[PDB]
Asks: 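Once you've had a glance at the structure underneath, I'll fire off some questions.
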Amino acid sequence: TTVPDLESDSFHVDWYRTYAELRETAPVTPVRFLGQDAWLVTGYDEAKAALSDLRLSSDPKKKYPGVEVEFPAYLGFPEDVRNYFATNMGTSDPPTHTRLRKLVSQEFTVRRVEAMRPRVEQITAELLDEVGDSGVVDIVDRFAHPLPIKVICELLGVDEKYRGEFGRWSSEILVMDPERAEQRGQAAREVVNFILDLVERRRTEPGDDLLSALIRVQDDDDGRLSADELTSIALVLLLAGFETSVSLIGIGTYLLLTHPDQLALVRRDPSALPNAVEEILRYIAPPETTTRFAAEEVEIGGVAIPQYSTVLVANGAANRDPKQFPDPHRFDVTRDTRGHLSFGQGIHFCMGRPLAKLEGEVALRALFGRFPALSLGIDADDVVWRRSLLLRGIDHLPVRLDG
Ligand code: HEM
Ligand SMILES: CC[C@H]1OC(=O)[C@H](C)[C@@H](O)[C@H](C)[C@@H](O)[C@@H](C)C[C@@H](C)C(=O)[C@H](C)[C@@H](O)[C@H]1C
């Protein structure tokens, strides 16, 4: 009877209990969000099927007779701005998707990511060197945020003097508040103008960075990245390239800090960090929901999703489905996390997984290694969770360097 409003506090306050209640009733239920009807998928089997069903399109640019396609994530976005944000792998369906992903896969490799390991370690050490030996500091502004932003900038050839503004615009983009739709759309245009210039500079002065490489990437069959494709891929790589890791590092720091046994365990055993990263992602997936558009009627979990429906796959909620992950509310750094959906599922499976695990592992290892008595600077229940279903995270986290 009562259709859930994804804007309500129920989805930002102890929201996993809310997901649990829904999943129990119907793993595929109708919901309201940003003034339109949608379907929320909270069951694991259902979410995995949904992401595996190509009839559920990822392309917001496709047009359908009498329909006005509206992806929640592009709230306040002019059409040209949307196109700049949506002409990449994550916003494409095969065959376009296939060639774009393959072309980008030729340069965004494990080798290139591993080559960065030394940089990630040095950047991590320099940031930690600067916070001191004691007292309180905001681990986000001083570590979780600056590390990923510097790494992605180095990967995409973004000179130092051009790194002080986009962080602000990206932040605004993560929140989908109807009240600030205009400010959100304007932050998006700034990002677009920033990318257009970056591409211009890189075309004019090539380097050994990923963007320079993508500008040259080609293949007999796949062809190459068109100007629009190159610009849009660069844009997403920039944002998705750091915001996710910022969430991972912040949430991971908070989780380990608020779970004595898990904290104590990690401090005693190092080789437990890698799986901890996986469990941190399973427990509180940054990309809580991922959007899809039903190009045809699609039945998921026995529910007929009508054609033209907006579908929100609750990746995060799927990771807490007790049917897939027993005692889903227990943060256990030793649990077998195989199968979680925090990196997606299917053809759109995260392309940056290698880099994310590298950053998370290097960051958490260094932080908890450098400060053995690190502790939260506030009560666990007082942490402020970013109000976003697009990318969950923590934007301010006080910590006591010496306990
Ligand atoms: C912990 C960090 C990360 C998480 C949790 C994460 C998660 C995800 C998820 C859920 C998807 C699937 C989206 C969908 O199904 O529509 C995805 C796709 C993707 N991710 Fe990540 N990601 C992370 C880091 C990265 C990084 C560091 C980069 C860039 C350097 C990146 C680039 C991409 C790209 C380009 C895709 C598009 C895949 C495609 O459509 O073929 N990711 N990511
Ligand atoms: C504002 C809308 C966009 O969001 C962002 O770029 C966010 C900053 C990123 O954190 C998102 C959440 C990523 O981490 C991945 C899950 C998906 C990504 C790779 C896509 O391709 C996807 C089309 C995406 O660009 C849009 C949803």
Side-chain angles (χ1 to χ4, degrees), residues 47-48 50-52 56-61 71-77 81-82 84-94 96-105 108 112-113 116 148 151-153 155-156 166 169-176 184-185 187-188 191 210-211 232-252 277-278 280-282 284-293 311-313 315-316 318-319 340-361 363 386 388-393:
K48 182 181 177 183
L51 299 177
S52 296
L56 288 181
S57 171
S58 294
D59 191 350
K61 306 180 307 303
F71 278 38
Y74 299 128
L75 176 71
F77 283 37
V81 174
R82 180 203 67 187
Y84 278 124
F85 271 71
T87 304
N88 44 251
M89 296 77 73
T91 39
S92 296
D93 300 324
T96 294
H97 166 70
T98 318
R99 42 171 292 271
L100 292 185
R101 194 185 168 101
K102 181 172 175 179
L103 285 171
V104 174
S105 294
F108 189 26
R112 186 183 285 279
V113 171
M116 299 239 69
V151 174
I152 194 55
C153 282
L155 184 69
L156 306 182
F166 72 80
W169 306 322
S170 189
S171 186
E172 186 79 47
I173 300 295
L174 298 182
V175 181
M176 299 177 286
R184 189 169 184 278
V191 172
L210 181 57
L211 183 57
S232 190
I233 284 160
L235 187 158
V236 172
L237 289 179
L238 204 247
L239 303 185
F242 83 93
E243 292 290 11
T244 51
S245 300
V246 178
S247 301
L248 175 285
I249 298 174
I251 295 174
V277 168
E278 288 292 320
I280 286 165
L281 291 174
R282 177 204 74 79
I284 307 178
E288 201 159 287
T289 70
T290 53
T291 300
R292 292 289 191 280
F293 181 85
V311 176
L312 299 185
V313 175
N315 299 57
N319 296 338
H340 76 254
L341 311 180
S342 296
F343 282 123
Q345 166 83 222
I347 66 171
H348 292 280
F349 185 99
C350 190
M351 294 181 83
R353 178 168 182 284
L355 174 56
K357 288 169 75 62
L358 187 173
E359 292 187 5
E361 294 170 2
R386 179 161 65 242
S388 172
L389 296 180
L390 172 58
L391 194 70
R392 192 68 72 180

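Values below: every heavy atom of this structure, side chains too, minus hydrogens, waters and symmetry copies. When a residue number appears, it is its place in the shown sequence, counting from 1. Counting convention: from 1, in listed order, for ligands and their atoms alike.
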Asks: Would one find an N or O of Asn315, backbone or side chain, under 3.5 Å from an N or O of ligand 1?
Replies: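 In fact, backbone or side chain, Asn315 has no N or O that close.
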
Asks: For atom 15 (C) of ligand 2, grab the closest protein heavy atom and report residue, atom and distance to one decimal in Å.
Replies: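 Of the protein heavy atoms, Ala240 CB, 4.9 Å lies nearest.
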
Asks: Show which atoms of ligand 2 fall inside a sub-4.0 Å distance from at least one heavy-atom site of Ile173.
Replies: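 Checking each atom against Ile173, I get 1 (C).
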
Asks: Suppose I only count heavy atoms of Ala73 and a 4.0 Å limit; which atoms of ligand 2 are within that range?
Replies: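 Those atoms are 1 (C), 2 (C).
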
Asks: For atom 27 (C) of ligand 2, is the nearest protein heavy atom closer than 4.0 Å?
Replies: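 Yes, at least one protein heavy atom sits under 4.0 Å from atom 27 (C) of ligand 2.
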
Asks: Tell me which protein heavy atom sits closest to atom 21 (O) of ligand 2, plus the residue, atom name and distance to 0.1 Å.
Replies: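 Atom 21 (O) of ligand 2 sits closest to the protein heavy atom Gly90 CA, 3.2 Å.
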
Asks: Decide whether the shortest distance between a heavy atom of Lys357 and an atom of ligand 1 is less than 4.0 Å.
Replies: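 The answer is no, since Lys357 has no heavy atom less than 4.0 Å from ligand 1.
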
Asks: Atom 7 (C) of ligand 2: which protein heavy atom is closest, and how many Å away?
Replies: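 Checked against all protein heavy atoms, atom 7 (C) of ligand 2 sits closest to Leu174 CD2, 4.3 Å.
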
Asks: Can you find a protein heavy atom closer to atom 1 (C) of ligand 2 than 4.0 Å?
Replies: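 Answer yes: something from the protein, a heavy atom, is under 4.0 Å.
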
Asks: Is the shortest distance from a heavy atom of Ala240 to ligand 1 less than 4.0 Å?
Replies: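 Yes, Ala240 has heavy atoms under 4.0 Å from ligand 1.
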
Asks: Determine yes or no for a side-chain-to-main-chain donor-acceptor pair under 3.5 angstrom, with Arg392 supplying the side chain and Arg386 the backbone.
Replies: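 Yes.
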
Asks: Looking only at protein heavy atoms, identify the closest one to atom 33 (C) of ligand 1 and say how far it is in Å.
Replies: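 Heavy-atom neighbour on the protein nearest atom 33 (C) of ligand 1: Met351 N, 3.9 Å.
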
Asks: What protein heavy atom sits nearest atom 42 (N) of ligand 1, and how far away is it?
Replies: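 Scanning the protein heavy atoms, the shortest distance from atom 42 (N) of ligand 1 goes to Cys350 SG, 3.0 Å.
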
Asks: Among all the protein's non-hydrogen atoms, which is closest to atom 23 (C) of ligand 2, and how far away is it?
Replies: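 In this structure, atom 23 (C) of ligand 2 has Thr91 CG2, 3.5 Å as its nearest protein heavy atom.
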
Asks: Does a donor on one side chain and an acceptor on the other come within less than 3.5 Å for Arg292 and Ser58?
Replies: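 The answer is yes; a qualifying pair exists.
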
Asks: If you take the nearest heavy atom of each of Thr244, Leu341, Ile251, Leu358, which one is closest to atom 24 (C) of ligand 1?
Replies: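 Closest candidate by heavy-atom distance is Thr244.
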
Asks: Can you tell me if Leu281 has a non-hydrogen atom under 4.0 Å from ligand 1?
Replies: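 Yes, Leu281 has heavy atoms under 4.0 Å from ligand 1.
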
Asks: Which ligand 1 atoms are under 4.0 Å away from a heavy-atom of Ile347?
Replies: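 Once the distances to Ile347 are compared, the set is 41 (O).
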
Asks: What protein heavy atom lies closest to atom 9 (C) of ligand 1? Include the residue and the distance to one decimal.
Replies: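 Going by distance alone, atom 9 (C) of ligand 1 is nearest to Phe343 C, 3.7 Å.
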
Asks: Just to confirm my output: which protein heavy-atom neighbour is closest to atom 4 (O) of ligand 2, and how far is it?
Replies: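 Here the nearest protein heavy atom works out to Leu390 CD1, 4.0 Å.
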
Asks: Counting C-beta onward and ignoring hydrogens, is there a side-chain heavy-atom pair between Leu51 and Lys48 closer than 4.5 Å?
Replies: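 Not touching, per the 4.5 Å side-chain cut-off.
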
Asks: Which residue and atom name correspond to the protein heavy atom nearest atom 30 (C) of ligand 1, and how close is it?
Replies: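 Closest protein heavy atom to atom 30 (C) of ligand 1: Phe108 CZ, 3.3 Å.
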
Asks: Does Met89, backbone or side chain, put an N or O under 3.5 Å from an N or O of ligand 1?
Replies: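 Such a contact does occur with ligand 1.
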
Asks: Does the protein put a heavy atom less than 4.0 Å from atom 12 (C) of ligand 2?
Replies: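 Yes, at least one protein heavy atom sits under 4.0 Å from atom 12 (C) of ligand 2.
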
Asks: Identify the protein heavy atom lying closest to atom 14 (C) of ligand 1, giving its residue, its atom name and the separation to 0.1 Å.
Replies: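 Going by distance alone, atom 14 (C) of ligand 1 is nearest to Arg292 NH2, 3.4 Å.
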
Asks: Distance to 0.1 Å, residue and atom name: give those for the protein heavy atom nearest to atom 32 (C) of ligand 1.
Replies: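 Scanning the protein heavy atoms, the shortest distance from atom 32 (C) of ligand 1 goes to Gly352 N, 4.0 Å.
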
Asks: Please classify the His348 to ligand 1 contact at 4.0 Å (heavy-atom distances, strictly less than): side chain, backbone, both or neither.
Replies: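 Answer for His348: both.
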
Asks: Quick check on the 6.0 Å ring-centre criterion: do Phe71 and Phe85 meet it?
Replies: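 No, the ring of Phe71 stays outside the 6.0 Å limit from the ring of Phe85, centre to centre.
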
Asks: Would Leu100 count as a contact of ligand 1 if the rule is a heavy atom under 4.0 Å away?
Replies: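 Checking ligand 1 against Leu100, which is what was asked, there is no heavy-atom contact under 4.0 Å.
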
Asks: Note the single closest protein heavy atom to atom 27 (C) of ligand 1, along with its residue, its atom name and the distance in Å.
Replies: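 The closest heavy atom on the protein side is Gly241 O, 3.7 Å.
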
Asks: Identify, for atom 7 (C) of ligand 1, the protein heavy atom at the shortest distance, and state residue, atom and that distance.
Replies: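 Checking every protein heavy atom, the shortest distance to atom 7 (C) of ligand 1 gives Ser342 O, 3.1 Å.
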
Asks: Which atoms of ligand 1 are found less than 4.0 Å from any heavy atom of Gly90?
Replies: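 Ligand 1 atoms under the 4.0 Å threshold to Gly90: 40 (O).
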
